[PDB]
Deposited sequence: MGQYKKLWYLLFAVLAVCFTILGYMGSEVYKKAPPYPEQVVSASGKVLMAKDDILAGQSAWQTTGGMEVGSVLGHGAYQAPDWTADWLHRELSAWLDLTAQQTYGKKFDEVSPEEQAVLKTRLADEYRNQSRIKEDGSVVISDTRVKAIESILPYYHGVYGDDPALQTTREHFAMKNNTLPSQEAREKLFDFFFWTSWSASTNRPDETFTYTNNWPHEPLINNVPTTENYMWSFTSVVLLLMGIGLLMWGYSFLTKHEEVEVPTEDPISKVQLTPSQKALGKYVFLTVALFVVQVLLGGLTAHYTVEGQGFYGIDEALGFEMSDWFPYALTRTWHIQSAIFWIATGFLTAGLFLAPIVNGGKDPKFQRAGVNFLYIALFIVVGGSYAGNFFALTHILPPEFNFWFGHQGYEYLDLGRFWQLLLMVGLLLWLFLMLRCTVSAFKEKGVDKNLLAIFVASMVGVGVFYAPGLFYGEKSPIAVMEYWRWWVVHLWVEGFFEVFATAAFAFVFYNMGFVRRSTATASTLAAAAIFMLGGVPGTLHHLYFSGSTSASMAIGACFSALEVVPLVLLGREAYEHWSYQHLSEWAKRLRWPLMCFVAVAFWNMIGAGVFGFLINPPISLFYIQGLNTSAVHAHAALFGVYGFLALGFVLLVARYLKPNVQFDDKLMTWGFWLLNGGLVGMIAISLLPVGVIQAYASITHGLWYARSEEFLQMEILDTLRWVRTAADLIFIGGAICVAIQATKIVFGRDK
């Protein structure tokens, strides 16, 4: 529209192209995911399992908590092993031992390297080629394979049950006793584990690589990166560097950095607060309180990684609040409090868009949304608690208990209710912008893009409802990453950028044209990479090689604007020196400066570390992912939510001054604790694990023997100091916000 028509058309074209690519890859995921075999039958004719057994095992896995106990196909938690890789390696080792006894009369390790080479070529042929699914949907496995499977089942029954010989192992895995109490459910669960391993080690019908693109790294069957893996990794590096250079060129030639005269009074402080705006103090307190609870839950989960089952000393903690539960609550609370901060920012800005007045029952809607958020959080957490104790019967686990899928752990009922709450929030936003859009004579492009960002935030949680309990793992991964990657990464980024532009234009820090054009171009750039870059979560989950290529190349373009965020950091930081009333905004602006810094480091650097297929092939499911998760999710969106609620609190209680000493302490403790956690614990552990994964295979890097090495135990312990520093910073920030609002 107007002078911004070309930018609007660029954004529309980018959206159409990128979503077409993502949707066609979704159809590919549906069509090319590893099949659940109708029957897995031994060469002698006995049926070992059927498709329904595998699906029941998937359900039982969800009941144990799924991705919050170990990982499957490289997704999940990092204390316990990746069950796919561990099962694959154990089964291959058993096959080799049995075959070596049958062929040379000794164990595999006691025969000559030549004999070992013969055995390994036999093993590779059997697993990769002979196990390929037949036309009738059947998988035929050898009798030796059947015996190998039967030999490793007791280990997993002990790990998931109450075997006194496996107790230590269970503690080393941060697993409670009787994670899956039912023997029959455990048998189904190990059917599902076998299925995963089979998909990871069986060539695609028309290819020489497996359904998982040869993941995990397993030298025994030559599970190694394909040539296309290397090629597309290098291509993504080239695209990243060229995009960075060209974006820098465009910034240098197309941006003049105009100087704007700051208004003498704060424009936002001049508008009288509406009742619904004043009702947002409880939202501010909810955000900071959930932040404190979340970091405390992280401390508890971390204690489980050094003391697997026991506190320092009443009752057994691991029976009722095991590592699985505390990890679930730690991740879900992160999502909840960041989202609540964003929603509070929106609900505060909405009446200002509506001319400083509330529509009818806007405060009632705000209160209803608050109550609904409490119901979602409390109900989902109670459901997790009763699912993990297996008090809740299995047939209700997916709807009310634990979905077992990371970041979407809450039961489907609570997910539906959260979707309804987000829709209600969107309604309360849009009804405050209708009148502003009906206004005559005013350019609405900035408001249009801000409203589009609102719609994205309030709608794109829906794809998390597109999979079911029995949905194939690959389909669930596709839709889950729609939510986690798209809805958070891309749409929260766009909403934050548009909110920045709208807010800073209203305060007079930026020109309308600059804010509008910057927001439109930034939205186009963010979407171009983020939308198809969703596929970097699906390299090894049963998607095809082409999905990996698209994910790598487009996700590289996500980093391009991130490493240049020094410009915006400087602008936001300089705003506080523009006037005396701008100095009242120092700490929200400092939070946004930290957002820029961590969007650069944690998102760009530590996400591209794990982004190329050649790297993620080896380090998917290692601690480098935890490094990136903490740095990106908190430093970007945690600091964004904190800055938002701090701004809201400043305008809700304008008579209260920020405590500069307390805020300095909290801000620098948060930043220093994040840096310290990464530098002294998480990154060294990830590097050591990466060395092990590249050298020996992923199963080794996740093994109990390797994770219990003294250096790794020490590094996990050492994290406590940085963890305490970070928690101190979080407590300071929460205290400041609570003092302002109450």
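Residues of the deposited sequence lacking C-alpha coordinates, numbered from 1, fall in the stretches 314 to 318, 748 to 751.
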